[PDB]
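Chains as they are written, first to last, in this note's numbering: chain B, 15 to 272; chain R, 15 to 272. Read through the structure below, which is laid out as structure tokens, and then see the notes.
Number of protein chains: 2
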Amino acid sequence: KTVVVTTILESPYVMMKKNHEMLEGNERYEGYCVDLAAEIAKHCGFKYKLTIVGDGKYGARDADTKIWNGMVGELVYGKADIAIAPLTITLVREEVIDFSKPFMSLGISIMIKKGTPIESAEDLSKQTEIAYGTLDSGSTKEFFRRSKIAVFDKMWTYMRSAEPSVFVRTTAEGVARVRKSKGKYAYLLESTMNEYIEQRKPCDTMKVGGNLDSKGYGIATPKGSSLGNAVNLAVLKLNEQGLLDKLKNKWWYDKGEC
Amino acid sequence: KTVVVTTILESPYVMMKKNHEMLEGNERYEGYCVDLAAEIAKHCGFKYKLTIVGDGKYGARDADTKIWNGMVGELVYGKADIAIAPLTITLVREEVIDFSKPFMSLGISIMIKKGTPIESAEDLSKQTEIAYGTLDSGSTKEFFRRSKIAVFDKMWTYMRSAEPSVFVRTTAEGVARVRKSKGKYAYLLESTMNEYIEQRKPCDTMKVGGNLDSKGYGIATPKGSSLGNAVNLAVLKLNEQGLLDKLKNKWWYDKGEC
Ligand SMILES: N[C@@H](Cc1cc(Cl)c(Cl)c(-c2cncc(O)c2)c1)C(=O)O
Ligand SMILES: N[C@@H](Cc1cc(Cl)c(Cl)c(-c2cncc(O)c2)c1)C(=O)O
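See the structure below:
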């Protein structure tokens with residue numbers, strides 16, 4: 015009867031509280047998705063347990079084995095009842111799991127060190143003095159790898175061939191690289207995270223230009239799950255009440271350092 | 015086998031071509047949703063017929079009879095197979111029909127005549143010199159009627175009690191009222207339409223301030239419809255290809271007069 019929620023550590027969606035080892039259960043964690051899970055459970059009247067996805071992935075199908083990894087996999091194979099995380103609704107994932115309507119919108123976007131003479135994706139695409147890259151795996155890299163749009167295809171060809179490697183292993187490494195490269199590195203990541211980092215010390219990064227795509231994060235459940243229909247209605251209610259808007263203001267701008 | 019599509023005449027989503035009476039069938043119409051329907055049918059491989067919703071409504075349940083009107087009603091009662099229109103995904107509609115993930119995002123927003131000293135919803139709420147209103151029926155009026163948010167509740171109390179009536183029967187009447195009122199009337203409508211009108215002659219209106227809410231338009235089908243699953247995957251594909259973005263650019267800014 016206790017709902018098994020899979021999620022992932024990713025600021026400010028889910029983080030461990032600084033004093034977590036003194037605490038127990040769901041109270042160990044805080045963040046946008048922590049609050050969102052509590053609001054959903056409250057409205058739906060169920061008990062739940064926050065668990066962290068074992069492989070630290072969002073969800074992709076291995077070409078060789080055809081096995082789904084990440085939170086998507088935990089749902090497909092019945093290891094969890096629901097995923098609450100900044101998990102993008104995509105065509106390939108929609109075919110294997112159910113998604114709520116989006117609880118938050120986003121797009122791929124450009125992060126620069128303040129002063130970097132870049133304003134758009136097209137700008138980056140037409141030069142090489144300012145190196146630019148993204149995560150060495152995951153959805154943004156796949157977006158570029160697969161894009162048939164001229165500018166993005168040019169950007170991909172550059173990134174894959176650029177030396178030294180313009181890719182990084184983690185978002186922290188990416189942001190650290192922006193900050194240390196003296197304007198000579200720009201970073202591609204989701205607008206939500208870009209905006210969050212813009213409001214934190216040392217206040218030396220900025221989101222520039224329009225988003226490169228448009229998509230949403232959804233709550234995910236195994237295909238045909240009865241819990242899925244209910245949680246989707248809950249997300250629609252919370253949105254219509256303005257609670258989702260308050261939640262973003264809480265975690266993005268209220269706790270704003272810049 | 016021919017899919018019955020219900021839709022509604024609403025610029026620039028669906029309009030009759032200036033020479034329509036010389037034409038036949040789907041070719042009579044043009045617009046964002048006309049192109050979107052063609053792109054969906056092409057990908058899904060079905061034939062379809064565009065029909066216009068008989069009562070000219072989007073979809074609401076009559077409190078007395080409990081009967082659904084508009085496009086939602088045509089789906090609920092089996093008069094149409096699918097609705098393709100700027101139809102908002104809402105909690106009450108989601109309970110009675112299926113919706114794709116959103117094909118376009120929007121929010122309620124403020125339209126002013128250029129020069130009108132208003133920048134936000136809060137601005138309007140704290141004064142009465144500049145009258146403000148909305149459609150005399152439909153979703154925006156219902157949004158204000160039902161809102162528990164302080165500023166919007168204040169705005170509703172003002173609108174319902176303001177004399178002369180700040181409400182209008184049609185969007186054209188609303189926009190005409192903005193243009194003729196010499197800065198003494200402001201209008202509340204969906205951001206999509208606000209942005210469209212901003213780019214058309216006489217270029218004397220402007221969208222100001224952030225949106226008041228956040229929501230999406232979805233393709234709708236009867237609950238449990240097998241066509242529904244397929245079209246949803248199609249919408250996700252078109253989005254991921256950038257085709258939805260091209261479609262908005264086509265109808266909003268490419269044909270831009272301002
Ligand atoms: N939405 C993604 C997972 C994800 C979440 C978040 Cl919050 C961020 Cl910020 C990113 C990211 C994307 N590009 C560069 C980066 O450093 C991080 C990726 C999915 O569903 O696969
Ligand atoms: N999305 C709505 C229908 C609808 C569509 C559009 Cl494109 C516009 Cl612009 C409006 C509108 C809202 N407020 C003032 C106005 O003049 C028009 C309403 C629904 O699903 O009920």
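C-beta: ideal position from N, C-alpha, C; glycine also.
Alpha carbon to alpha carbon, what distance is there between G129/R and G230/B? Looking up residue 230/B in the first sequence gives position 216. Looking up residue 129/R in the second sequence gives position 115. Roughly 36 Å between the two C-alpha positions.
Are the CB atoms of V180/R and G147/R within a distance shorter than 8 Å? Taking the second sequence and counting its residues from 1, one reaches residue 147/R at position 133. Taking the second sequence and counting its residues from 1, one reaches residue 180/R at position 166. Taking 8 Å as the Cβ cut-off, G147/R and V180/R qualify as a contacting pair.
Helix, strand or coil: how does DSSP classify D112/B here? Against the first sequence, residue 112/B aligns to sequence position 98. For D112/B, the secondary structure class from DSSP, reduced to helix, strand or coil, is strand.
Under 7 Å: does the beta carbon of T219/B sit that close to some heavy atom of ligand 1? Residue mapping note: residue 219/B aligns to position 205 of the first sequence, counting from 1. Checking the Cβ of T219/B against ligand 1 gives no.
Check whether the Cβ of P100/B lies closer than 7 Å to any heavy atom of ligand 1, and answer yes or no. Sequence index remark: in the first sequence, residue 100/B carries index 86 (1-based). Checking every heavy atom of ligand 1 against the Cβ of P100/B, one is found closer than 7 Å.
For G256/R, would you say it is in contact with chain B, using Cβ-to-Cβ distances shorter than 8 Å as the test? Along the second sequence, read from residue 1 onward, the residue named residue 256/R stands at position 242. Yes, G256/R lies at the interface with chain B (some Cβ there is under 8 Å from its Cβ).
Could you work out which residues of chain B lie near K194/R, taking near to mean beta carbons separated by less than 8 Å? Counting from 1 along the second sequence, the entry for residue 194/R is found at position 180. What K194/R touches in chain B: nothing, since even the nearest Cβ is about 33 Å away.
Taking the Cβ atom as the reference point for each residue, do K63/R and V19/R lie within a distance shorter than 8 Å? Counting from 1 along the second sequence, the entry for residue 63/R is found at position 49. Counting from 1 along the second sequence, the entry for residue 19/R is found at position 5. Against a cut-off of 8 Å, the Cβ pair of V19/R and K63/R comes out as a contact.
Could you round the C-beta distance between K61/B and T16/B to whole angstroms and report it? I think they count as a contact, below 8 Å. Position 47 of the first sequence, counted from the first residue, corresponds to residue 61/B. Position 2 of the first sequence, counted from the first residue, corresponds to residue 16/B. Sure, about 5 Å apart at Cβ, within 8 Å.
One or two residues paired with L202/R in a DSSP bridge: Counting from one through the second sequence, the residue named residue 202/R turns up at place 188. Partner(s): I124/R.
Rounded distance between the beta-carbons of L120/R and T206/R, thought under 8 Å: Residue numbering aside, residue 206/R sits at position 192 when the second sequence is read from its first letter. Residue numbering aside, residue 120/R sits at position 106 when the second sequence is read from its first letter. With 8 Å as the limit, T206/R and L120/R qualify as a contact, their Cβ atoms being about 5 Å apart.
If you compare alpha carbons, which of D167/R, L37/R, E44/R and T219/R is closest to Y27/R? Position 13 of the second sequence, counting from 1, holds the residue named residue 27/R. That would be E44/R, whose Cα lies nearest to the Cα of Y27/R.
Secondary structure of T16/B, DSSP reduced to three states: Here the question's residue 16/B lines up with position 2 in the first sequence. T16/B: coil per DSSP, three-state reduction.
Which one or two residues does DSSP pair with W82/R in a beta bridge? Reading the second sequence from its first residue, position 68 is the one you call residue 82/R. Looking at the DSSP assignment, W82/R forms a beta bridge with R75/R.
Quick check on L247/B - is its C-beta less than 8 Å from some C-beta in chain R? Taking the first sequence and counting its residues from 1, one reaches residue 247/B at position 233. Closer than 8 Å to some Cβ of chain R, the Cβ of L247/B qualifies, so yes.
What did DSSP end up calling residue 281/B once you bin it into helix, strand or coil? Nothing about residue 281/B can be reported from this structure: the residues present for chain B run from 15 to 272 only.
On the DSSP letters alone, give me the boundaries of the beta strand (DSSP E) that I66/R sits inside. Your numbering for residue 66/R matches position 52 in the second sequence. From DSSP, the beta strand (DSSP E) with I66/R extends over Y62 to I66.
Which runs of the beta strand (DSSP E) spanning at least 3 residues fall entirely within the region 136 to 190 of chain B, listed in chain order? 145 to 147
Relative to the C-alpha of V86/B, which candidate in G188/B, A55/B, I96/B and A77/B has its C-alpha closest? Numbered from its first residue, the first sequence carries residue 86/B at position 72. Taking only the C-alpha atoms, the option nearest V86/B is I96/B.
Can you find a CB in chain R that lies within less than 8 Å of the CB of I233/B? As a position in the first sequence, residue 233/B is number 219, starting the count at 1. Closer than 8 Å: no.
Counting only Cβ pairs nearer than 9 Å, list the residues of chain R close to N253/B. Position 239 of the first sequence, counting from 1, holds the residue named residue 253/B. Under the 9 Å cutoff, chain R gives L105, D227, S228 and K229.
Short of 7 Å in beta carbon distance, which residues of its chain neighbour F157/B, apart from the five on each side in sequence? Order them along the chain. Sequence index remark: in the first sequence, residue 157/B carries index 143 (1-based). Closer than 7 Å at Cβ, skipping near neighbours: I122 and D227.
Proximal residues to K71/B (C-beta, below 7 Å), its chain only, five neighbours per side dropped: Working through the first sequence from its first residue, we reach residue 71/B at position 57. Correct list, in chain order: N83 and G84.
Just the Cα atoms here: how many angstroms apart are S25/R and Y46/R? On the second sequence, position 11 is the one that residue 25/R refers to. On the second sequence, position 32 is the one that residue 46/R refers to. Cα-Cα distance, rounded: 9 Å.
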